[PDB]
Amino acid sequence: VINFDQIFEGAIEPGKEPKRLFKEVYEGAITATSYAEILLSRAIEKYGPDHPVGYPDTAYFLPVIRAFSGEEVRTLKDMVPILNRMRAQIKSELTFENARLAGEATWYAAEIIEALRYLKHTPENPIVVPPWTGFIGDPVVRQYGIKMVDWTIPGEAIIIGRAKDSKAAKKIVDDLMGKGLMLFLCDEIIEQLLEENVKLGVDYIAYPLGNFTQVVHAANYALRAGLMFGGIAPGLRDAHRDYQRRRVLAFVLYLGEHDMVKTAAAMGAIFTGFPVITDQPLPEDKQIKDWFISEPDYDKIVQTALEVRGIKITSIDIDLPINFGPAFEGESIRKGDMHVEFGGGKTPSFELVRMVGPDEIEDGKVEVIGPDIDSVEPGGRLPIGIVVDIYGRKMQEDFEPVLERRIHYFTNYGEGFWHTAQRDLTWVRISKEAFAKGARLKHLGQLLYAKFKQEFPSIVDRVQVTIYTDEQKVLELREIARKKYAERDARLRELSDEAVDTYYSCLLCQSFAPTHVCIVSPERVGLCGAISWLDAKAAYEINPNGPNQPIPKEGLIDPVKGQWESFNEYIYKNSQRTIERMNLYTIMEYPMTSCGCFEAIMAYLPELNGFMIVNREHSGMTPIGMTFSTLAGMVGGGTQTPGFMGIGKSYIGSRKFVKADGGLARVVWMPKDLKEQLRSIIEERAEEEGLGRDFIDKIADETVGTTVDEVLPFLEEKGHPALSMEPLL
């Protein structure tokens, strides 16, 4: 019933088909499928038809195939009928329909060829090294979903071929990274950007895939979105294409001299709804309106692609000397690249947002008080105290901690600006490159001002930013800040699931996970780990129409498992009626659903009488016989999964942590690093439960084993309480 092809209806008037383009696509699709045919036959000769084949760290087999036709490719023989089908759908008649089918066959061919390449890939002997990615694992797709759902990443650019010259490559890519687009790069443009010292790699959301058929690692990335968050069944071809067209705002930049295989791959992009913009001149018989178009002027090609795709960018439009955007949030500034640092146990530091009255503030006044960063030798240090005063008619003291959180992100988005921690434990660094470009502390203050005004227009009327660098002045002001921090800690201490009468929904991820609803209570953070009850409450109070809504706690059904009719009704209504009940204190019956951005996954193991937990960053097998990525393929997508649940890491430290299932006492296995990340809260909560602070050492981890038979003897020897608790079944 989904007629996806309707989006093409007006594109080409009959009898004027661009036969030059369609012949090139046909030749390239024949070439790609032939490449795959011969490599596959040779591989079956060498290894045998039953040899396993696949990609590293994915739940979705060969994802392009798994999405569009649903096959669970596991061995070489499985790909033989699939490729035979794709070659069969490549047809000489020069229609737009046959061109799109040839592009789909080209994507299938490139995916097959790449899986064959990975037949030689092992961790000890890998076929790709950073900053190149090749196939991108599921955890990376998931780790960036939270930035996609609110269009912090506004769209995706697939750049194929070669820019006119190195300098043009750096120009457009710097532009795109400042706009926050996710980049996929293929062929000679990568070396062009590295030659120009552009930052690239998974940490900068700018993926150097490789060359040639590695282009398909853009496609199998994009299609996993619908398979993961969208919950769309494998093989629902038009449903997947519709999800891509509506939610994955990707386009292709086709740079350099054209070639048949690159053109056929680009037509596969068009086949799933992504337009193609090339820097090459195009004769009338080699173009399609709004789908395969020429913009030779490098000063316009980015805006042209964004307009044809429908991407609208919000910019602060302050003249900063450095680039700014999500790609730089993940950067590290090594000591040898550091021009100056503040805080981090080297010098005193704090940051503070505070409400003030109308008379108390000069809107827009950004002032540095003390020496600036040109006063130190490179590698030097200064104190820093950042005070952001805010006035507004709708400003509340409650909002102060919320706004203060943003300083971290606001700072880290600066290229060559870096920030970690919070309050009086901040550590800030500024790169030598940023200093060389003219960055000074005034620019940090201006960035904070503009960003606070842009993000909170309805509660911020005046903003003033003062940055202090005198050591004794910073130490004096830090005590005022610490008074505010203690008031905030006391307000937090007053909260509990029982003491508040209203929990809050979070629908932010419904952009990509339409049936999923999060419920945030004081003692259960949202599964992303970034939205606590105070956060959701402030977000609603700032924007009553937004994706966080109050829900009264009314109509109790089960005090023990945590079920109320008010939450049941809200979830059912906002679930497209897929979900009727939710228990807040158990994973074993009506668990809360997940999108796919969960920091960790819990699962029950009957053989161990207890829970395993595994975080997204952990690589390795778990005692349930599944890696994190496989478990995540089951747990996400907005379906209810008794015995499994997605969670935020900090929820493990909550007093209400799966309380009806036994809480922390029920946890028998976690990765060693995750326990270390949470060691203090695990020790404190275990003491509160009566488990002992050494309970953390009774929790098995991968150094104990990855299977039940390795783990159970250790649990028995340790006298883990879970073995003597009631089975949860």
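In this text, residue numbers run from 1 along the sequence as written.
A.B. asks: Taking only the CA atoms, which stretch has the higher mean B-factor in the record, 692 to 700 or 35 to 43?
C.D. replies: Looking at the record's C-alpha B-factors, the answer is 35 to 43.
A.B. asks: Which has higher Cα B-factors on average according to the PDB entry: 51 to 59 or 683 to 691?
C.D. replies: It is 51 to 59.
A.B. asks: Per the entry, which of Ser349, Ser619, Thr133, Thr466 tops the list for Cα B factor?
C.D. replies: The C-alpha B-factor peaks, among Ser349, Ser619, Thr133, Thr466, at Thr466.
A.B. asks: Can you tell me which of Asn323, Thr593, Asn211, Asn568 has the highest Cα temperature factor in the record?
C.D. replies: Top of the list by C-alpha B-factor: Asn323.
A.B. asks: Using the temperature factors of the C-alpha atoms in this entry, rank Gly633 within its chain: lowest, middle or highest third.
C.D. replies: Its C-alpha B-factor, which the entry lists for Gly633, ranks in the lowest third among residues of this chain.
A.B. asks: Once the chain's modelled residues are ordered by C-alpha B factor and cut into thirds, is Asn543 in the lowest, middle or highest one?
C.D. replies: For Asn543, the deposited C-alpha B-factor lands in the middle third.
A.B. asks: What third of its chain's C-alpha B-factors does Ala722 belong to: lowest, middle or highest?
C.D. replies: Lowest third.
A.B. asks: Sort the modelled residues of this chain by their C-alpha B factor and say whether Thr152 lands in the lowest, middle or highest third.
C.D. replies: Middle third by C-alpha B-factor.
A.B. asks: Sorting by Cα B-factor within the chain, modelled residues only, which third would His408 end up in: lowest, middle or highest?
C.D. replies: Within its chain, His408 is a lowest-third residue by C-alpha B-factor, going by the deposited values.
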